[PDB]
Amino acid sequence: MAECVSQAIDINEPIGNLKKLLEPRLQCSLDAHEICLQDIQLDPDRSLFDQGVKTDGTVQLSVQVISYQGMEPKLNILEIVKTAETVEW
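For the sequence shown, position 45 matches number 54 in my numbering, and the numbering has no gaps at all.
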């Protein structure tokens, strides 16, 4: 459906590290599923500072594993909150 996981990462650093950091959390081999945000596909090679928010440090990502009826597996962040005091767009 929309298998969500809550985990945090560096925003000035690569967002694609979700394949590494959510490995323990999802117990899933992070491979075919590309990283995304609210369904917008992102660049693992680029950061939140490259994609979306220009805030600071580590945000908490409510990122989901999306494979919609055989659609292209995406890990979308539905929620970015810098540290805990939610950053906003």
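Just so it is clear, CB atoms sit at the ideal spot from N, CA and C, and this is done for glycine as well.
Run through DSSP, which three-state label would residue i get?
i: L27; result: helix
i: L51; result: coil
i: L39; result: coil
i: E32; result: helix
i: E97; result: coil
Any idea which residues DSSP pairs residue i with across the strands?
i: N21; result: Answer is none; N21 lacks a bridge partner.
i: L46; result: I49, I86
Compute the beta-carbon to beta-carbon distance between residue i and residue j, rounded to the nearest angstrom, for a pair I have assumed lies under 8 Å.
i: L84; j: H42; result: 5 Å
i: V62; j: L31; result: Wrong, their Cβ atoms sit about 19 Å apart, outside the cutoff.
i: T95; j: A17; result: Their Cβ separation, rounded to whole angstroms, is 13 Å, which puts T95 and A17 out of contact at 8 Å.
Could you give the uninterrupted runs of the beta strand (DSSP E) lying entirely in the region 55 to 82, keeping only those of 3 residues or more? 67 to 75
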